[PDB]
Each structure stands twice: as C-alpha cells, then as structure tokens.
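Trainee: Pasting a structure here, questions to come.
Every read-out reported here was derived from the displayed coordinates using simple, explicitly stated rules and does not represent laboratory data. So basically every Cβ, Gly included, is an ideal-geometry build from the backbone, and we count neighbours across all protein chains shown.
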Amino acid sequence: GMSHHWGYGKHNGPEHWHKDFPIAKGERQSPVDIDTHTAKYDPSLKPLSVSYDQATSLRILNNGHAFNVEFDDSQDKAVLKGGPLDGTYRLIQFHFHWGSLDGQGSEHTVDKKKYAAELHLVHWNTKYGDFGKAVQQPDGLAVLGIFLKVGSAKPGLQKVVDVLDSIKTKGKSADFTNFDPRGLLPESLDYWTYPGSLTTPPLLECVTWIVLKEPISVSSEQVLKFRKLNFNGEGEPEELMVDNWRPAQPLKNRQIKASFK
Ligand SMILES: Cc1cc(=O)oc2cc(CS(N)(=O)=O)ccc12
Ligand SMILES: [Zn+2]
C-alpha cells in the first residue's frame with residue numbers, strides 16, 4: 001500500500017476508487033441501503049454471540065483515513081460467533097466513519113436515513129489462520145456495524161475521545177490498553193445481515209456484514225472531537241478528518257436478512 005493515493009477528497013474519493021481497485025464495481029460491495037420493508041425476518045438465524053470480556057486493546061492509530069483501536073488477536077480472546085456465522089471470528093480492531101455534520105457520516109443507511117457516524121468492529125475467521133489469508137476468502141471477515149446518533153453522551157466512548165488529541169495526524173499512534181469494547185454496544189443485538197465487502201480499498205468481497213438495528217447515542221462534544229482529527233500528517237496543511245464514509249452501493253443480487261420480526 002506504499003503507493004496507494006485514495007482518500008475521501010474531491011479528487012481521490014469513492015467515485016475514483018474503481019480506477020486502482022476495479023472490484024469497486026463488483027457484485028457484493030458495501031455499504032448498502034437497508035430497506036427495512038424488504039429485509040426479511042429469517043427464523044433460522046442463530047442468536048448473535050459477542051464475547052468481549054477478555055478483549056485486550058493495545059494501541060490506537062490515526063492511519064490517515066480514520067483511527068483504529070487495535071486488539072491483541074494472537075489468541076482467541078474477544079470473539080464474535082453465532083448469528084449468521086459459522087465458526088469463530090476474532091476481533092482485530094474497531095474504527096469509525098463520521099461526517100462533517102450530524103446529518104451524514106454513516107456508511108450503511110436505513111430507508112435512506114444517514115446516521116451521524118458508524119462504528120465497525122472487524123473480526124477475522126480463525127479457520128484461515130491470519131487476517132491476510134482471511135481477506136482472500138468470501139467468508140473471511142465479519143464486521144459488526146453500529147450506528148451512532150447525536151444526543152446523550154456514551155460513557156464508554158470517552159476514553160477514546162480523550163486520547164484523540166495525541167494522534168491528531170496521520171501516522172501517529174498511542175498506547176491504548178485496557179479499553180473495554182463492551183462499552184460501545186447498544187442494549188439490543190437485533191441485526192440485519194448480508195454478504196458484502198470492505199468499504200475502503202482494497203474493497204475485498206470477504207465480509208459478512210452484521211449491522212445492529214439499535215444505534216448508540218454519543219454527545220455533540222464527543223463527535224466534535226472526532227472532527228478535529230486530521231487526514232494530513234504532522235507539519236502539513238490541515239485537512240480535517242471528516243466525511244470519511246463511502247456512500248451506499250448497488251445491492252444487486254443480494255438479500256438482506258433480519259434477525260427480528
Ligand atoms: C485490517 C484491514 C485490512 C484491509 O485490507 O482493509 C481493511 C479495511 C478496513 C475498513 S472497513 N470499513 O472495510 O472495515 C478495516 C481494516 C482493514
Ligand atoms: Zn469501516
């Protein structure tokens with residue numbers, strides 16, 4: 001990726017990605033709009049199992065696109081299973097996509113509604129040994145998506161908000177141990193699920209998407225901090241890190257299933 005130049009600006013944004021990553025116009029791209037009236041309840045979907053009690057966060061990184069909270073996935077600690085998944089998926093990192101204003105920022109939409117932001121907890125299928133091998137498989141990753149709306153503060157998110165000052169620019173990282181991701185979950189685990197892809201290049205079609213129906217609420221102050229981050233590196237002209245979301249892509253030959261009636 002040392003020669004990647006994609007981003008979210010007018011000249012290298014989502015509409016340009018297909019040039020270096022043809023799969024951008026593929027058959028199972030993400031995100032997508034979730035038409036609530038067309039999604040069908042699937043009584044055969046197992047309950048979702050989110051086991052994060054043993055999760056071990058290690059570091060937070062500004063990668064020039066978003067910020068990644070990374071976990072130690074060298075062992076089966078934090079795992080996602082059940083739901084539409086077969087097997088065990090290990091949590092490797094989480095990040096967000098957000099907007100310049102509260103009216104936009106999420107990648108998936110619900111009946112065309114855009115949320116202020118969207119949290120993605122990324123997990124890889126342990127049957128493939130490592131993340132690199134997993135992304136080359138149609139069932140290699142499981143990403144849990146959670147919508148954020150602006151209202152009351154999310155206590156569990158403040159530790160993340162407070163460390164952002166230390167990783168303002170691209171390439172900066174900071175120790176970030178003992179962060180509990182259970183603090184970012186809504187009360188209900190009802191979800192929609194469909195086969196899709198990574199939403200940033202390489203846009204690989206290796207993801208089983210699980211998007212929770214219940215959004216979490218974060219405060220204006222919390223999201224304002226996200227918007228103070230920079231896409232640029234230290235010493236460069238400031239480009240605020242905002243609107244780092246890819247818009248909804250064609251659903252094509254796919255069905256979105258609901259875990260609830
Ligand atoms: C670890 C990793 C490798 C890769 O090639 O692409 C990624 C894309 C995302 C963004 S998202 N929105 O698709 O989760 C997150 C993590 C990765
Ligand atoms: Zn993402």
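Trainee: Out of everything in the range 95-110 that is surrounded by fewer than 24 Cβ atoms within 10 Å (Cβ to Cβ) and within 30 Å of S51 (Cα to Cα), what residue ends up being nearest to ligand 2 (Cβ to nearest atom)? Even if it seems obvious, please write down each step before you answer.
Mentor: If we filter the range 95-110 for residues that are surrounded by fewer than 24 Cβ atoms within 10 Å (Cβ to Cβ), which is where we start, we get 95, 99-104, 109-110.
Within this subset, residues satisfying the condition of being within 30 Å of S51 (Cα to Cα) are 95, 99, 109-110.
Numbers: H95: 6, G99: 14, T109: 14, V110: 17 Å.
For the range 95-110, the residue satisfying everything is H95.
Trainee: Could you go through the range 200-208 and let me know if any residue there is over 24 Å from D72 (Cβ atoms), within 16 Å of ligand 2 (Cβ to nearest atom) and part of a strand (DSSP E or B).
Mentor: no
Trainee: Would you mention how many residues in the range 162-199 are outside any loop (DSSP other than H, G, I, E, B), of a type in the set (V, I, T) and either away from ligand 1 (no atom under 16 Å from the Cβ) or without any contact (Cβ under 8 Å) to a residue 40 or more places away in the chain (or both)? Steps first, answer last, please.
Mentor: The first filter runs over the range 162-199 and keeps only residues outside any loop (DSSP other than H, G, I, E, B), leaving 162-167, 173-175, 181-184, 191-196.
Adding the requirement that they be of a type in the set (V, I, T) leaves 163, 167, 193.
Pick out the ones that are also either away from ligand 1 (no atom under 16 Å from the Cβ) or without any contact (Cβ under 8 Å) to a residue 40 or more places away in the chain (or both) and you get 163, 167.
Number satisfying all stated conditions: 2.
Each row is one residue, and each column tells you yes or no for (1) within 18 Å of the chain's Cα centre (by Cα); (2) assigned to a strand (DSSP E or B); (3) over 30 Å from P237 (Cβ atoms).
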residue: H4; (1), (2), (3): no, no, no
residue: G7; (1), (2), (3): yes, no, no
residue: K46; (1), (2), (3): no, no, yes
residue: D53; (1), (2), (3): no, no, yes
residue: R59; (1), (2), (3): yes, yes, no
residue: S74; (1), (2), (3): no, no, yes
residue: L85; (1), (2), (3): yes, no, yes
residue: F96; (1), (2), (3): yes, yes, no
residue: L101; (1), (2), (3): no, no, no
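Trainee: So, of the residues in the range 111-120 that are assigned to a loop (DSSP other than H, G, I, E, B) and within 16 Å of ligand 2 (Cβ to nearest atom), which turns out to be surrounded by the most Cβ atoms within 10 Å (Cβ to Cβ)? Steps first, answer last, please.
Mentor: Kept after step one, since they are assigned to a loop (DSSP other than H, G, I, E, B), are these residues of the range 111-120: 111-112, 114-116.
This time we only want the ones that are within 16 Å of ligand 2 (Cβ to nearest atom), so: 114-116.
Details: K114: 21, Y115: 25, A116: 23.
Per the stated criteria, the residue is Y115.
Trainee: So, one more: Applying the selection to the range 121-148, what residues are within 20 Å of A39 (Cβ to Cβ) and in contact with an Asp or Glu (Cβ under 8 Å, 6 or more places away or on another chain)? Give the derivation first.
Mentor: Of all residues in the range 121-148, those within 20 Å of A39 (Cβ to Cβ) come to 142-147.
Matches in the range 121-148: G145, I146, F147.
Trainee: Out of all the residues in the range 56-85, which are of a type in the set (A, V, I, L, M) and crowded, with 19+ Cβ neighbours inside 10 Å?
Mentor: Narrowing the range 56-85 to residues of a type in the set (A, V, I, L, M): 58, 60-61, 66, 69, 78-80, 85.
Selection gives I60, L61, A66, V69, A78, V79, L80, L85.
Trainee: If you don't mind, there's one more thing I want to ask. Exactly one condition in (1) on the phi < 0 side of the Ramachandran plot; (2) out of contact with any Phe, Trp or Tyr (no Cβ under 8 Å at 6 or more places or on another chain) is false for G87; which is it?
Mentor: Exception for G87: condition (1).
Trainee: Sticking with this structure for a sec: Which of the residues that make up the range 121-137 are aromatic (F, W, Y) and either assigned to a loop (DSSP other than H, G, I, E, B) or more than 10 Å from ligand 1 (Cβ to nearest atom) (or both)? Show your work before the answer.
Mentor: Taking the range 121-137 as the starting set, the residues that turn out to be aromatic (F, W, Y) are 124, 128, 131.
Passing the criteria: only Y128.
Trainee: Test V50 against the stated conditions and say whether it is more than 14 Å from ligand 1 (Cβ to nearest atom), of a type in the set (V, I, T) and under 26 Å from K170 (Cα atoms).
Mentor: On the way: more than 14 Å from ligand 1 (Cβ to nearest atom): yes; of a type in the set (V, I, T): yes; under 26 Å from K170 (Cα atoms): no.
Judged against the criteria, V50 is not a match.
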